[PDB]
file model25.txt (compact mmCIF, C-alpha atoms)
# COMPACT_ATOMS: atom_id res chain seq x y z
CA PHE A 2943 72.63 96.57 74.44
CA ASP A 2944 74.78 97.15 71.35
CA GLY A 2945 73.48 93.97 69.74
CA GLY A 2946 69.78 94.60 70.27
CA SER A 2947 69.71 98.41 70.32
CA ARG A 2948 69.85 98.73 66.52
CA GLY A 2949 66.85 96.49 65.87
CA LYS A 2950 63.73 97.71 67.66
CA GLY A 2951 64.57 99.38 70.96
CA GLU A 2952 66.75 101.93 72.72
CA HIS A 2953 65.51 101.21 76.25
CA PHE A 2954 66.35 97.76 77.58
CA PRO A 2955 65.30 95.79 80.69
CA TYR A 2956 68.74 96.06 82.34
CA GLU A 2957 68.26 99.80 82.90
CA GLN A 2958 68.12 99.19 86.66
CA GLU A 2959 71.39 97.25 86.50
CA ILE A 2960 73.23 99.89 84.47
CA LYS A 2961 71.84 102.66 86.66
CA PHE A 2962 73.06 100.89 89.80
CA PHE A 2963 76.46 100.40 88.14
CA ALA A 2964 76.83 104.05 87.13
CA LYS A 2965 75.45 105.53 90.35
CA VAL A 2966 77.32 103.29 92.79
CA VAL A 2967 80.17 101.13 91.49
CA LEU A 2968 82.21 103.81 89.71
CA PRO A 2969 82.09 106.48 92.47
CA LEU A 2970 82.98 103.96 95.17
CA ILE A 2971 85.85 102.64 93.05
CA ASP A 2972 87.19 106.16 92.56
CA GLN A 2973 86.88 107.10 96.23
CA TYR A 2974 88.35 103.81 97.48
CA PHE A 2975 91.37 103.94 95.19
CA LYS A 2976 91.88 107.61 96.03
CA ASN A 2977 91.87 106.85 99.77
CA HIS A 2978 94.05 103.73 99.53
CA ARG A 2979 96.30 104.71 96.64
CA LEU A 2980 99.51 104.04 98.59
CA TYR A 2981 98.44 100.63 99.92
CA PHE A 2982 98.38 99.00 96.48
CA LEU A 2983 101.38 100.91 95.13
CA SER A 2984 103.62 99.93 98.06
CA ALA A 2985 105.72 96.91 97.07
CA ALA A 2986 109.18 96.17 98.51
CA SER A 2987 109.95 99.91 98.50
CA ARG A 2988 108.37 100.38 101.97
CA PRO A 2989 106.10 103.41 101.60
CA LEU A 2990 104.04 103.90 104.76
CA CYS A 2991 106.37 101.77 106.87
CA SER A 2992 103.51 101.34 109.37
CA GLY A 2993 102.34 98.53 107.08
CA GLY A 2994 100.09 97.85 104.11
CA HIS A 2995 102.09 95.81 101.62
CA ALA A 2996 99.44 94.77 99.11
CA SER A 2997 99.81 91.25 97.77
CA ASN A 2998 100.86 90.38 94.24
CA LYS A 2999 97.43 88.88 93.55
CA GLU A 3000 95.83 92.13 94.73
CA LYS A 3001 98.01 94.08 92.31
CA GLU A 3002 97.20 91.67 89.48
CA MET A 3003 93.46 92.02 90.08
CA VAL A 3004 93.79 95.81 90.24
CA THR A 3005 95.50 95.79 86.84
CA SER A 3006 92.83 93.44 85.47
CA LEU A 3007 90.11 95.80 86.68
CA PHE A 3008 91.89 98.72 85.01
CA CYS A 3009 92.11 96.83 81.71
CA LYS A 3010 88.47 95.71 81.89
CA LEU A 3011 87.25 99.25 82.54
CA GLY A 3012 89.37 100.51 79.65
CA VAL A 3013 87.81 97.90 77.37
CA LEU A 3014 84.37 98.96 78.64
CA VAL A 3015 84.99 102.67 77.99
CA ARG A 3016 86.61 102.11 74.58
CA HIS A 3017 84.62 103.71 71.73
CA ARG A 3018 81.55 104.11 73.98
CA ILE A 3019 81.66 107.63 75.44
CA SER A 3020 78.18 108.55 74.19
CA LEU A 3021 76.57 105.31 75.41
CA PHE A 3022 77.30 106.24 79.03
CA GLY A 3023 74.84 108.71 80.51
CA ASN A 3024 77.24 111.69 80.66
CA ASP A 3025 79.27 109.95 83.39
CA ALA A 3026 82.11 109.19 80.96
CA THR A 3027 83.97 111.80 83.00
CA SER A 3028 83.46 109.53 86.02
CA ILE A 3029 84.81 106.52 84.13
CA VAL A 3030 87.79 108.62 83.02
CA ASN A 3031 88.43 109.62 86.64
CA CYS A 3032 88.26 105.98 87.73
CA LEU A 3033 90.75 105.04 85.03
CA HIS A 3034 92.99 107.95 86.10
CA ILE A 3035 93.09 106.79 89.72
CA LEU A 3036 93.62 103.15 88.70
CA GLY A 3037 96.51 104.26 86.50
CA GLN A 3038 98.06 105.93 89.51
CA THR A 3039 97.47 102.76 91.56
CA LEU A 3040 99.04 100.38 89.01
CA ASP A 3041 102.22 98.48 90.02
CA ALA A 3042 103.93 97.52 86.76
CA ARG A 3043 107.19 96.08 88.13
CA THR A 3044 105.47 93.54 90.38
CA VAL A 3045 102.58 92.75 88.02
CA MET A 3046 104.77 92.15 84.97
CA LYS A 3047 107.40 89.96 86.63
CA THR A 3048 104.80 88.11 88.73
CA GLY A 3049 101.39 88.10 87.07
CA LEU A 3050 99.05 85.84 85.20
CA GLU A 3051 99.15 85.60 81.42
CA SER A 3052 95.59 86.85 80.89
CA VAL A 3053 96.32 90.05 82.83
CA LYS A 3054 99.61 90.51 80.98
CA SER A 3055 97.88 90.08 77.62
CA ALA A 3056 95.03 92.36 78.72
CA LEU A 3057 97.48 95.18 79.44
CA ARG A 3058 99.29 94.50 76.15
CA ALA A 3059 95.96 94.57 74.29
CA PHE A 3060 94.96 97.81 76.02
CA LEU A 3061 98.16 99.41 74.75
CA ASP A 3062 97.66 97.93 71.26
CA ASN A 3063 94.05 99.15 71.14
CA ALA A 3064 95.16 102.64 72.15
CA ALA A 3065 97.79 102.62 69.39
CA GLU A 3066 95.25 101.41 66.81
CA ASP A 3067 92.73 104.07 67.85
CA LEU A 3068 95.41 106.76 67.58
CA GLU A 3069 96.30 105.49 64.09
CA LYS A 3070 92.61 105.61 63.13
CA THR A 3071 92.50 109.19 64.39
CA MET A 3072 95.49 109.95 62.17
CA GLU A 3073 93.94 108.45 59.08
CA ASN A 3074 90.55 110.12 59.39
CA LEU A 3075 91.82 113.54 60.53
CA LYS A 3076 94.32 113.68 57.66
CA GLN A 3077 92.96 111.87 54.60
CA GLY A 3078 89.34 112.84 55.12
CA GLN A 3079 87.02 114.92 57.27
CA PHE A 3080 83.92 113.73 55.40
CA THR A 3081 82.48 110.39 56.50
CA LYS A 3088 79.62 110.37 61.89
CA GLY A 3089 81.78 107.37 62.74
CA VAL A 3090 85.10 109.18 62.32
CA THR A 3091 83.70 112.14 64.26
CA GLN A 3092 82.73 109.77 67.07
CA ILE A 3093 86.23 108.25 67.05
CA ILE A 3094 87.81 111.71 67.23
CA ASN A 3095 85.49 112.72 70.07
CA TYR A 3096 86.29 109.53 71.99
CA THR A 3097 90.01 110.13 71.48
CA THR A 3098 89.95 113.75 72.65
CA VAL A 3099 87.59 113.15 75.58
CA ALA A 3100 89.04 109.96 77.05
CA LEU A 3101 92.04 108.47 75.26
CA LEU A 3102 94.47 111.36 75.69
CA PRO A 3103 93.95 111.97 79.46
CA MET A 3104 94.00 108.26 80.38
CA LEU A 3105 97.18 107.56 78.38
CA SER A 3106 98.78 110.73 79.72
CA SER A 3107 98.09 109.71 83.33
CA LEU A 3108 99.36 106.17 82.79
CA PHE A 3109 102.51 107.41 81.05
CA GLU A 3110 103.21 110.02 83.74
CA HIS A 3111 102.88 107.36 86.43
CA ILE A 3112 105.18 104.98 84.54
CA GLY A 3113 107.78 107.71 84.02
CA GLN A 3114 107.69 108.97 87.60
CA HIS A 3115 107.95 105.45 89.05
CA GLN A 3116 110.42 104.24 86.38
CA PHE A 3117 108.18 101.27 85.54
CA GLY A 3118 109.01 101.48 81.83
CA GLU A 3119 112.18 99.37 81.98
CA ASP A 3120 110.07 96.38 83.09
CA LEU A 3121 106.72 97.25 81.49
CA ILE A 3122 107.66 98.05 77.87
CA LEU A 3123 109.91 95.22 76.68
CA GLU A 3124 108.66 93.33 73.60
CA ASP A 3125 106.20 94.51 70.91
CA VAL A 3126 104.69 96.85 73.43
CA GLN A 3127 107.81 98.73 72.39
CA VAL A 3128 106.48 98.64 68.82
CA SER A 3129 102.97 99.69 69.85
CA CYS A 3130 104.37 102.64 71.80
CA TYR A 3131 106.54 103.55 68.81
CA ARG A 3132 103.31 103.77 66.82
CA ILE A 3133 101.81 105.84 69.66
CA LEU A 3134 104.78 108.23 69.57
CA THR A 3135 104.45 108.65 65.81
CA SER A 3136 100.71 109.27 66.22
CA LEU A 3137 101.17 111.89 68.92
CA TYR A 3138 103.92 113.75 67.05
CA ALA A 3139 101.98 113.69 63.77
CA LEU A 3140 98.87 115.01 65.51
CA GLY A 3141 100.89 117.72 67.26
CA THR A 3142 102.58 118.85 64.04
CA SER A 3143 99.43 118.51 61.90
CA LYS A 3144 98.29 121.57 59.94
CA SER A 3145 94.59 120.80 60.41
CA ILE A 3146 92.13 123.29 61.89
CA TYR A 3147 90.60 120.47 63.94
CA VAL A 3148 93.70 119.89 66.08
CA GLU A 3149 93.51 123.52 67.23
CA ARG A 3150 91.31 122.62 70.21
CA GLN A 3151 93.34 119.60 71.38
CA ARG A 3152 96.87 120.90 70.79
CA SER A 3153 97.40 121.37 74.54
CA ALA A 3154 96.15 117.92 75.55
CA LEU A 3155 98.17 116.24 72.79
CA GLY A 3156 101.28 118.17 73.79
CA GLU A 3157 100.92 117.29 77.46
CA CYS A 3158 100.26 113.61 76.69
CA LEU A 3159 103.30 113.48 74.41
CA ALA A 3160 105.39 115.20 77.09
CA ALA A 3161 104.32 112.48 79.53
CA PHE A 3162 105.17 109.87 76.89
CA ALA A 3163 108.66 111.36 76.61
CA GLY A 3164 109.27 110.71 80.31
CA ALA A 3165 107.63 107.29 80.20
CA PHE A 3166 109.68 106.08 77.24
CA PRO A 3167 112.89 104.20 78.16
CA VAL A 3168 114.42 104.45 74.67
CA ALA A 3169 116.38 107.49 73.47
CA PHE A 3170 114.31 108.02 70.34
CA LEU A 3171 115.65 111.55 69.81
CA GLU A 3172 119.27 110.35 69.53
CA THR A 3173 119.25 107.30 67.26
CA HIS A 3174 123.04 107.05 66.87
CA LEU A 3175 123.96 105.58 70.28
CA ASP A 3176 121.09 103.09 70.47
CA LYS A 3177 123.56 100.18 70.49
CA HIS A 3178 124.62 101.06 74.04
CA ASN A 3179 121.01 100.88 75.24
CA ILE A 3180 120.23 97.49 76.75
CA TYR A 3181 116.44 97.91 76.72
CA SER A 3182 116.26 98.65 72.98
CA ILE A 3183 113.98 96.33 71.03
CA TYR A 3184 116.61 96.27 68.29
CA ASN A 3185 119.27 95.00 70.70
CA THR A 3186 117.07 92.54 72.60
CA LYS A 3187 114.89 91.22 69.78
CA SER A 3188 117.79 90.12 67.49
CA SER A 3189 117.81 90.43 63.70
CA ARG A 3190 115.71 87.36 62.87
CA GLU A 3191 112.87 88.27 65.22
CA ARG A 3192 112.98 91.98 64.33
CA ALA A 3193 112.69 91.00 60.66
CA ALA A 3194 109.83 88.62 61.44
CA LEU A 3195 108.07 91.50 63.19
CA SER A 3196 106.82 94.46 61.16
CA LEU A 3197 109.91 96.61 61.72
CA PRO A 3198 111.94 98.89 59.43
CA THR A 3199 115.08 96.92 60.52
CA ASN A 3200 116.80 100.34 60.80
CA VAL A 3201 116.59 102.00 64.21
CA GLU A 3202 117.43 105.31 62.53
CA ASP A 3203 114.48 104.93 60.12
CA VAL A 3204 112.04 103.46 62.66
CA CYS A 3205 110.51 106.94 63.11
CA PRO A 3206 111.01 109.14 60.04
CA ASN A 3207 108.84 112.20 60.70
CA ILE A 3208 110.33 113.02 64.12
CA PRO A 3209 113.62 114.93 63.74
CA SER A 3210 116.72 114.13 65.77
CA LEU A 3211 117.49 115.84 69.06
CA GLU A 3212 120.22 117.89 67.40
CA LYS A 3213 118.17 119.15 64.44
CA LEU A 3214 115.31 119.94 66.80
CA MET A 3215 117.75 121.81 69.03
CA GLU A 3216 119.24 124.13 66.45
CA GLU A 3217 115.81 124.79 64.93
CA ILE A 3218 114.65 125.80 68.42
CA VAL A 3219 117.60 128.15 68.88
CA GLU A 3220 117.26 129.57 65.36
CA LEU A 3221 113.55 130.23 65.81
CA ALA A 3222 114.32 131.86 69.17
CA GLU A 3223 116.86 134.17 67.52
CA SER A 3224 114.37 134.98 64.75
CA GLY A 3225 111.77 135.78 67.40
CA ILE A 3226 108.76 134.80 65.30
CA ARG A 3227 105.39 135.45 66.90
CA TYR A 3228 103.64 132.55 68.62
CA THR A 3229 100.56 132.33 66.36
CA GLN A 3230 102.66 131.66 63.24
CA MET A 3231 103.99 128.38 64.70
CA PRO A 3232 101.94 127.37 67.75
CA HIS A 3233 103.22 123.81 67.26
CA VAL A 3234 106.77 124.42 68.47
CA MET A 3235 106.08 126.37 71.65
CA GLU A 3236 103.00 124.33 72.54
CA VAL A 3237 104.19 120.74 71.90
CA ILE A 3238 107.85 120.44 70.91
CA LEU A 3239 109.42 122.39 73.78
CA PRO A 3240 107.66 120.46 76.62
CA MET A 3241 108.69 117.26 74.84
CA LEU A 3242 112.31 118.41 74.88
CA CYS A 3243 112.15 119.38 78.56
CA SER A 3244 110.66 116.05 79.64
CA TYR A 3245 113.03 114.03 77.45
CA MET A 3246 116.15 115.79 78.66
CA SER A 3247 115.01 115.73 82.29
CA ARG A 3248 114.57 111.97 82.01
CA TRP A 3249 117.86 111.34 80.20
CA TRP A 3250 120.19 113.65 82.15
CA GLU A 3251 121.08 111.09 84.82
CA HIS A 3252 121.98 108.71 81.99
CA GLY A 3253 123.92 111.60 80.44
CA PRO A 3254 127.71 111.35 80.48
CA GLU A 3255 128.38 113.80 83.33
CA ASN A 3256 126.28 111.93 85.89
CA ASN A 3257 128.12 108.68 85.04
CA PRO A 3258 131.75 109.59 84.26
CA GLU A 3259 132.55 105.88 84.39
CA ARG A 3260 131.32 103.74 81.48
CA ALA A 3261 131.50 106.85 79.28
CA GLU A 3262 131.04 106.60 75.50
CA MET A 3263 128.66 103.78 76.40
CA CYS A 3264 125.93 106.18 77.53
CA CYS A 3265 122.54 105.92 75.84
CA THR A 3266 122.38 109.71 75.41
CA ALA A 3267 124.89 112.57 75.10
CA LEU A 3268 123.13 115.17 77.24
CA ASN A 3269 125.05 118.15 78.60
CA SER A 3270 124.75 120.78 81.32
CA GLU A 3271 125.25 123.41 78.64
CA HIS A 3272 122.59 121.60 76.60
CA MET A 3273 119.92 122.24 79.24
CA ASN A 3274 121.38 125.70 79.82
CA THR A 3275 120.96 126.60 76.14
CA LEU A 3276 117.48 125.07 76.09
CA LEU A 3277 116.37 127.10 79.11
CA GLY A 3278 117.95 130.28 77.76
CA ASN A 3279 116.19 129.85 74.42
CA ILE A 3280 112.90 129.12 76.21
CA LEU A 3281 113.11 132.30 78.24
CA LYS A 3282 114.25 134.38 75.26
CA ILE A 3283 111.31 133.21 73.13
CA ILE A 3284 108.84 133.66 75.99
CA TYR A 3285 110.10 137.20 76.39
CA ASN A 3286 110.01 137.98 72.65
CA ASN A 3287 106.42 136.68 72.53
CA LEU A 3288 105.46 138.29 75.85
CA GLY A 3289 104.48 141.64 74.31
CA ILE A 3290 101.77 140.55 71.87
CA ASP A 3291 98.50 139.80 73.74
CA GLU A 3292 100.25 137.14 75.90
CA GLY A 3293 98.43 133.92 76.79
CA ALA A 3294 98.33 131.02 79.20
CA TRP A 3295 100.77 129.03 77.07
CA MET A 3296 103.65 130.83 78.79
CA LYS A 3297 102.33 129.52 82.11
CA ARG A 3298 102.01 126.00 80.70
CA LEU A 3299 105.54 126.09 79.27
CA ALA A 3300 106.95 127.41 82.56
CA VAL A 3301 105.27 124.58 84.46
CA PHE A 3302 106.71 122.13 81.93
CA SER A 3303 110.20 123.67 82.19
CA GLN A 3304 110.25 123.73 86.01
CA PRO A 3305 112.13 120.38 86.18
CA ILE A 3306 114.78 121.89 83.91
CA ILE A 3307 115.35 124.82 86.27
CA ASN A 3308 115.42 122.35 89.17
CA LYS A 3309 118.26 120.36 87.60
CA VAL A 3310 119.91 123.68 86.74
CA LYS A 3311 122.48 124.30 89.45
CA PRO A 3312 121.83 127.28 91.77
CA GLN A 3313 125.40 128.46 91.18
CA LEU A 3314 124.42 128.41 87.52
CA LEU A 3315 121.23 130.29 88.42
CA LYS A 3316 123.18 133.14 90.00
CA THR A 3317 125.18 135.26 87.51
CA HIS A 3318 123.61 133.49 84.49
CA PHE A 3319 119.82 133.61 84.84
CA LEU A 3320 119.88 136.98 86.57
CA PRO A 3321 118.90 138.31 83.11
CA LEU A 3322 115.71 136.28 83.57
CA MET A 3323 114.81 138.01 86.84
CA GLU A 3324 115.81 141.50 85.69
CA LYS A 3325 113.81 140.99 82.49
CA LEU A 3326 110.89 139.82 84.62
CA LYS A 3327 110.97 142.96 86.75
CA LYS A 3328 111.71 145.58 84.07
CA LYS A 3329 108.69 144.29 82.17
CA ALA A 3330 105.68 146.20 83.49
CA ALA A 3331 103.64 142.98 83.73
CA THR A 3332 104.75 139.39 83.07
CA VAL A 3333 102.30 136.49 82.96
CA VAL A 3334 105.11 133.99 83.54
CA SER A 3335 105.41 132.70 87.10
CA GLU A 3336 109.04 131.73 87.61
CA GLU A 3337 109.99 129.36 90.43

call {"tool": "encode", "arguments": {"input": "model25.txt", "output": "structure tokens"}}
result
Amino acid sequence: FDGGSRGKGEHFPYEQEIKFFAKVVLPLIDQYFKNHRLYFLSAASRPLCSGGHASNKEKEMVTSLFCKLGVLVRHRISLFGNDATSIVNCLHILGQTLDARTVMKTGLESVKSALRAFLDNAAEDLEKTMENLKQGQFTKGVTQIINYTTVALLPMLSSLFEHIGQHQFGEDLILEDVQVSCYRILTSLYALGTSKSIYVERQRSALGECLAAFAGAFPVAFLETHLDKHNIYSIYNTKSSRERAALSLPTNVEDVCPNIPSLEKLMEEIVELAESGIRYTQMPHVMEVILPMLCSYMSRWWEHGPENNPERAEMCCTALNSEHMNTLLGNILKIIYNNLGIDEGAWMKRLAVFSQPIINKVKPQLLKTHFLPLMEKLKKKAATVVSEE
């Protein structure tokens, strides 16, 4: 259709075939993988002990179908007859049904390379979005790429990353050069989130949520680049100097991601901006993207934080602290409450949903006598949009 559609005709004889595909195959795929989500996901962890351990070949073919549908949907949102939402839903459910640990360790090379190429293509498309959205708005091709990104690429990547983070598949999925592609993805997402452009205004929320999911999917402490030597999964540690130099790498794990600040610098700028109490419209970027990123990152890295493993200390990947999350949560509430007088917004609700894991890891004995200011400030306010707990 792409080959012949530019020469003489827009309507082609396979219209019956494509109409059957769109009207039948996609909806049945979505419904089937929604009904039997747990059957494929169950592997040696015994969910639904009644039975239903899907075979490794089944998992491999599921992943291959996911990759093939991603390739099909790439850069072709307008070609589909307004069912691109249906393809996105199918890709969402397949992302929830993926089984990375089993597929990666036991899978066929074509499927492995197909997943790697899907990740690489996503990174390349995000880089293309960077380059157009920054260096030039004038060209319809770049507009089509931006539309494809916003419509499909962000939700699909967000769902896949959230699944990987919640099932801890990253440690076996992202090992070599997929590490590099996801580094490029992280740079793309942060640059888009922090971009000054008027165009990003509509997709700030989706970008922020996708980057928050990426923070929990990522198995490398990118925020704290000083204790990367203790991390065993780091591409710098595993890849060795010769191979890291052969690859397109900065050779400095501290300089591998310049634009993103460190966890510390981010943290005192958060607390300083909270003390200043600047209104939300002046810097939507922080409260809409950066804070959820911090919550997801610290929620993921707390169990690797020194307190949760007193043994092997000073070999921890991160240096997270109970008072670190306490200060983060206190700053979050303080800035919500300083911004809660001017015309409010749903972004408080989104940030509260994002910060819910933080208050869950916060000890209840910490909650009493410390966050009582939160509840009293809730109630003495005549009306508060924020739904706590």

call {"tool": "closest_residue", "arguments": {"input": "model25.txt", "among": "A:2949, A:3264, A:3147, A:3158", "to": "residue 3079 of chain A", "atoms": "all atoms listed in the file"}}
result
A:3147

call {"tool": "closest_residue", "arguments": {"input": "model25.txt", "among": "A:3140, A:3299, A:3133, A:3169", "to": "residue 3073 of chain A", "atoms": "only C-alpha atoms"}}
result
A:3140

call {"tool": "closest_residue", "arguments": {"input": "model25.txt", "among": "A:3035, A:3226, A:3243, A:3193", "to": "residue 3305 of chain A", "atoms": "all atoms listed in the file"}}
result
A:3243

call {"tool": "atom_distance", "arguments": {"input": "model25.txt", "atom1": "atom CA of residue 3179 of chain A", "atom2": "atom CA of residue 3201 of chain A"}}
result
11.9 Å

call {"tool": "atom_distance", "arguments": {"input": "model25.txt", "atom1": "atom CA of residue 3214 of chain A", "atom2": "atom CA of residue 3289 of chain A"}}
result
25.4 Å

call {"tool": "closest_residue", "arguments": {"input": "model25.txt", "among": "A:2978, A:3152, A:3252, A:3260", "to": "residue 3234 of chain A", "atoms": "only C-alpha atoms"}}
result
A:3152

call {"tool": "residues_around", "arguments": {"input": "model25.txt", "residues": "segment 3014-3023 of chain A", "least_positions_apart": "3", "cutoff": "10 Å", "atoms": "all atoms listed in the file", "output": "mmCIF file with C-alpha atoms, keeping the file's coordinate frame"}}
result
data_model
loop_
_atom_site.group_PDB
_atom_site.id
_atom_site.type_symbol
_atom_site.label_atom_id
_atom_site.label_comp_id
_atom_site.auth_asym_id
_atom_site.auth_seq_id
_atom_site.Cartn_x
_atom_site.Cartn_y
_atom_site.Cartn_z
ATOM 1 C CA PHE A 2943 72.630 96.570 74.440
ATOM 2 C CA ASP A 2944 74.780 97.150 71.350
ATOM 3 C CA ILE A 2960 73.230 99.890 84.470
ATOM 4 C CA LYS A 2961 71.840 102.660 86.660
ATOM 5 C CA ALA A 2964 76.830 104.050 87.130
ATOM 6 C CA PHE A 3008 91.890 98.720 85.010
ATOM 7 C CA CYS A 3009 92.110 96.830 81.710
ATOM 8 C CA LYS A 3010 88.470 95.710 81.890
ATOM 9 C CA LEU A 3011 87.250 99.250 82.540
ATOM 10 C CA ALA A 3026 82.110 109.190 80.960
ATOM 11 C CA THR A 3027 83.970 111.800 83.000
ATOM 12 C CA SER A 3028 83.460 109.530 86.020
ATOM 13 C CA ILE A 3029 84.810 106.520 84.130
ATOM 14 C CA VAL A 3030 87.790 108.620 83.020
ATOM 15 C CA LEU A 3033 90.750 105.040 85.030
ATOM 16 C CA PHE A 3060 94.960 97.810 76.020
ATOM 17 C CA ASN A 3063 94.050 99.150 71.140
ATOM 18 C CA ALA A 3064 95.160 102.640 72.150
ATOM 19 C CA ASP A 3067 92.730 104.070 67.850
ATOM 20 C CA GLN A 3092 82.730 109.770 67.070
ATOM 21 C CA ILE A 3093 86.230 108.250 67.050
ATOM 22 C CA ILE A 3094 87.810 111.710 67.230
ATOM 23 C CA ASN A 3095 85.490 112.720 70.070
ATOM 24 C CA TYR A 3096 86.290 109.530 71.990
ATOM 25 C CA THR A 3097 90.010 110.130 71.480
ATOM 26 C CA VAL A 3099 87.590 113.150 75.580
ATOM 27 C CA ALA A 3100 89.040 109.960 77.050
ATOM 28 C CA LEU A 3101 92.040 108.470 75.260
#

call {"tool": "residues_around", "arguments": {"input": "model25.txt", "residues": "residue 3139 of chain A", "least_positions_apart": "5", "cutoff": "9 Å", "atoms": "all atoms listed in the file", "output": "NGL selection string"}}
result
:A and (3072 or 3134 or 3207-3208)

call {"tool": "atom_distance", "arguments": {"input": "model25.txt", "atom1": "atom CA of residue 3194 of chain A", "atom2": "atom CA of residue 3177 of chain A"}}
result
20.1 Å

call {"tool": "residues_around", "arguments": {"input": "model25.txt", "residues": "segment 3000-3006 of chain A", "least_positions_apart": "3", "cutoff": "9 Å", "atoms": "all atoms listed in the file", "output": "JSON, numbers by chain"}}
result
{"A": [2982, 2983, 2996, 2997, 3009, 3010, 3011, 3036, 3037, 3039, 3040, 3041, 3042, 3044, 3045, 3046, 3048, 3049, 3050, 3052, 3053, 3054, 3056, 3057]}

call {"tool": "closest_residue", "arguments": {"input": "model25.txt", "among": "A:3265, A:3061, A:3258, A:3242", "to": "residue 3277 of chain A", "atoms": "all atoms listed in the file"}}
result
A:3242

call {"tool": "residues_around", "arguments": {"input": "model25.txt", "residues": "residue 3309 of chain A", "least_positions_apart": "5", "cutoff": "12 Å", "atoms": "all atoms listed in the file", "output": "list in words"}}
result
residues 3243, 3244, 3246, 3247, 3248, 3249, 3250, 3251, 3256, 3269, 3270, 3271, 3272, 3273, 3274, 3277, 3303, 3304, 3314 and 3315 of chain A

call {"tool": "closest_residue", "arguments": {"input": "model25.txt", "among": "A:3187, A:3316, A:3227, A:3076", "to": "residue 3123 of chain A", "atoms": "all atoms listed in the file"}}
result
A:3187

call {"tool": "decode", "arguments": {"input": "model25.txt", "residues": "segment 3234-3248 of chain A", "atoms": "N, CA and C atoms", "output": "short mmCIF file (atom, residue, chain, number, x, y, z; two decimals), in the first residue's frame"}}
result
data_model
loop_
_atom_site.label_atom_id
_atom_site.label_comp_id
_atom_site.auth_asym_id
_atom_site.auth_seq_id
_atom_site.Cartn_x
_atom_site.Cartn_y
_atom_site.Cartn_z
N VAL A 3234 8.79 21.50 36.95
CA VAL A 3234 9.16 20.83 38.19
C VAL A 3234 8.00 20.01 38.72
N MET A 3235 6.90 20.67 39.08
CA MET A 3235 5.81 19.99 39.76
C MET A 3235 5.11 18.98 38.86
N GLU A 3236 5.28 19.08 37.54
CA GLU A 3236 4.53 18.19 36.67
C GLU A 3236 5.35 17.00 36.20
N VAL A 3237 6.68 17.10 36.18
CA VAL A 3237 7.54 16.04 35.67
C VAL A 3237 8.57 15.60 36.72
N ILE A 3238 9.29 16.56 37.29
CA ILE A 3238 10.48 16.23 38.07
C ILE A 3238 10.10 15.51 39.35
N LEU A 3239 9.07 16.01 40.04
CA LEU A 3239 8.67 15.41 41.32
C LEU A 3239 8.22 13.97 41.17
N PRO A 3240 7.32 13.62 40.23
CA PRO A 3240 6.97 12.20 40.07
C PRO A 3240 8.17 11.32 39.75
N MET A 3241 9.11 11.85 38.96
CA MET A 3241 10.35 11.14 38.69
C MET A 3241 11.08 10.82 39.99
N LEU A 3242 11.19 11.81 40.87
CA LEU A 3242 11.89 11.61 42.14
C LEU A 3242 11.17 10.58 42.99
N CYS A 3243 9.84 10.66 43.06
CA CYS A 3243 9.09 9.69 43.85
C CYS A 3243 9.30 8.27 43.34
N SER A 3244 9.16 8.06 42.03
CA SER A 3244 9.32 6.72 41.48
C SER A 3244 10.74 6.21 41.66
N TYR A 3245 11.74 7.05 41.39
CA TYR A 3245 13.13 6.67 41.58
C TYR A 3245 13.40 6.24 43.01
N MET A 3246 12.98 7.05 43.97
CA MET A 3246 13.34 6.77 45.36
C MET A 3246 12.55 5.59 45.89
N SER A 3247 11.30 5.43 45.43
CA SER A 3247 10.53 4.25 45.77
C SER A 3247 11.20 2.99 45.26
N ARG A 3248 11.74 3.02 44.04
CA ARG A 3248 12.44 1.86 43.53
C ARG A 3248 13.74 1.59 44.28
#
